Amino acid sequence: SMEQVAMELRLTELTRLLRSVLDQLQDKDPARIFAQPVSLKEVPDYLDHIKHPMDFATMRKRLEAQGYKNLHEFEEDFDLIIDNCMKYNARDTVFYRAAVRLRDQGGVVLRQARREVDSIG
């Protein structure tokens, strides 16, 4: 149907905007601490601690399959990145501190993304 196409075009355009958002958030992680999944070879107990692991590569795979229907879904995954790290790692660690800085800096980006998603529809 033509309606299904229109909906698909909207999803494609959201995907375009979320790609730009993802790029901007990942620049706030210049140490690449959150770039890839935590290695279960190197942290074999991780899944005993963290039930829903997340990282920027995993988000990018979902994004490119147009797997985010709305901004809320995308933000859920970004918050997992931050929140997983702040639980597994202690306050005094470069990991925790990296997450805090990512959260604070990403807030700005996400605030305007929300306005754009609402604005363009």
# chains A, B, ... in the order shown; residues from 1 in each chain; ligands from 1
$ residues_around --residues "residue 116 (chain A)" --least-positions-apart "4" --cutoff "12 Å" --atoms "only C-alpha atoms" --output "VMD selection string"
chain A and resid 13 to 14 17 to 18 20 to 21 71 109 to 112 120 to 121
$ residues_around --residues "residue 69 (chain A)" --least-positions-apart "3" --cutoff "8 Å" --atoms "only C-alpha atoms" --output "PyMOL selection string"
chain A and resi 11+66+73
$ write_last_selection --atoms "C-alpha atoms" --output "PDB file, in the first residue's frame"
ATOM      1  CA  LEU A  11      11.212   5.091   9.574  1.00  0.00           C
ATOM      2  CA  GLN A  66      15.948   0.084  11.055  1.00  0.00           C
ATOM      3  CA  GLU A  73      13.744   2.859  22.088  1.00  0.00           C
TER       4      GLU A  73
END
$ atom_distance --atom1 "CA of residue 89 (chain A)" --atom2 "CA of residue 103 (chain A)"
15.2 Å
$ residues_around --residues "residue 84 (chain A)" --least-positions-apart "5" --cutoff "8 Å" --atoms "only C-alpha atoms" --output "JSON, numbers by chain"
{"A": [50, 52, 53, 54]}
$ residues_around --residues "residue 81 (chain A)" --least-positions-apart "2" --cutoff "12 Å" --atoms "only C-alpha atoms" --output "VMD selection string"
chain A and resid 25 to 26 29 33 to 38 50 to 59 74 to 79 83 to 88 95 to 96 98 to 100 102 to 103 106
$ atom_distance --atom1 "CA of residue 63 (chain A)" --atom2 "CA of residue 7 (chain A)"
16.5 Å
$ atom_distance --atom1 "CA of residue 9 (chain A)" --atom2 "CA of residue 67 (chain A)"
13.9 Å
$ closest_residue --among "A:72, A:41, A:16, A:97" --to "residue 60 (chain A)" --atoms "only C-alpha atoms"
A:16
$ select_by_dssp --residues "region 8-53 of chain A" --states "alpha helix (DSSP H)" --output "number ranges by chain"
A: 8-27, 46-49
$ write_last_selection --atoms "N, CA and C atoms" --output "CSV table (one decimal), in the first residue's frame"
chain,number,residue,atom,x,y,z
A,8,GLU,N,7.2,3.6,6.0
A,8,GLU,CA,8.6,3.2,5.7
A,8,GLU,C,9.5,4.3,5.5
A,9,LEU,N,9.1,5.4,4.8
A,9,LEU,CA,9.9,6.6,4.5
A,9,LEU,C,10.2,7.3,5.8
A,10,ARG,N,9.1,7.4,6.7
A,10,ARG,CA,9.2,8.0,8.0
A,10,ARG,C,10.3,7.3,8.9
A,11,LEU,N,10.2,5.9,8.9
A,11,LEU,CA,11.2,5.1,9.6
A,11,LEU,C,12.6,5.3,9.0
A,12,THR,N,12.8,5.4,7.7
A,12,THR,CA,14.0,5.7,7.1
A,12,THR,C,14.6,7.0,7.5
A,13,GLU,N,13.7,8.0,7.5
A,13,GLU,CA,14.1,9.3,7.9
A,13,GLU,C,14.5,9.4,9.5
A,14,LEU,N,13.7,8.7,10.3
A,14,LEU,CA,14.1,8.6,11.7
A,14,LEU,C,15.5,7.9,11.9
A,15,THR,N,15.7,6.9,11.1
A,15,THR,CA,17.0,6.2,11.0
A,15,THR,C,18.1,7.1,10.7
A,16,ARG,N,17.9,8.0,9.7
A,16,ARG,CA,18.9,9.0,9.3
A,16,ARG,C,19.2,9.9,10.5
A,17,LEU,N,18.2,10.4,11.2
A,17,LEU,CA,18.4,11.3,12.3
A,17,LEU,C,19.1,10.6,13.5
A,18,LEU,N,18.7,9.4,13.8
A,18,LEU,CA,19.3,8.6,14.9
A,18,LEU,C,20.7,8.2,14.5
A,19,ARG,N,21.1,8.1,13.2
A,19,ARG,CA,22.5,7.8,12.9
A,19,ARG,C,23.4,9.0,13.2
A,20,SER,N,22.9,10.2,12.9
A,20,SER,CA,23.6,11.5,13.3
A,20,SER,C,23.7,11.6,14.8
A,21,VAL,N,22.6,11.4,15.5
A,21,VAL,CA,22.6,11.3,17.0
A,21,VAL,C,23.7,10.3,17.5
A,22,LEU,N,23.7,9.1,17.0
A,22,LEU,CA,24.6,8.1,17.5
A,22,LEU,C,26.0,8.6,17.3
A,23,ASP,N,26.3,9.2,16.1
A,23,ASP,CA,27.6,9.7,15.9
A,23,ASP,C,28.1,10.7,16.8
A,24,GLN,N,27.2,11.7,17.1
A,24,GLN,CA,27.4,12.7,18.1
A,24,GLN,C,27.7,12.1,19.5
A,25,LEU,N,26.9,11.2,19.9
A,25,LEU,CA,27.1,10.6,21.2
A,25,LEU,C,28.4,9.8,21.3
A,26,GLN,N,28.7,9.1,20.3
A,26,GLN,CA,29.9,8.3,20.3
A,26,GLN,C,31.2,9.2,20.3
A,27,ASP,N,31.1,10.4,19.7
A,27,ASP,CA,32.2,11.4,19.9
A,27,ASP,C,32.5,11.8,21.3
A,46,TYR,N,30.5,-11.5,33.7
A,46,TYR,CA,29.7,-10.2,33.4
A,46,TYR,C,28.2,-10.4,33.5
A,47,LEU,N,27.7,-11.5,32.9
A,47,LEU,CA,26.3,-11.7,32.7
A,47,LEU,C,25.6,-12.1,34.1
A,48,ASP,N,26.4,-12.4,35.1
A,48,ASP,CA,25.9,-12.6,36.4
A,48,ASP,C,25.5,-11.3,37.1
A,49,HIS,N,26.2,-10.2,36.6
A,49,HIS,CA,26.0,-8.8,37.1
A,49,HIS,C,25.0,-8.1,36.2
$ closest_residue --among "A:70, A:91, A:62, A:28" --to "residue 107 (chain A)" --atoms "only C-alpha atoms"
A:28
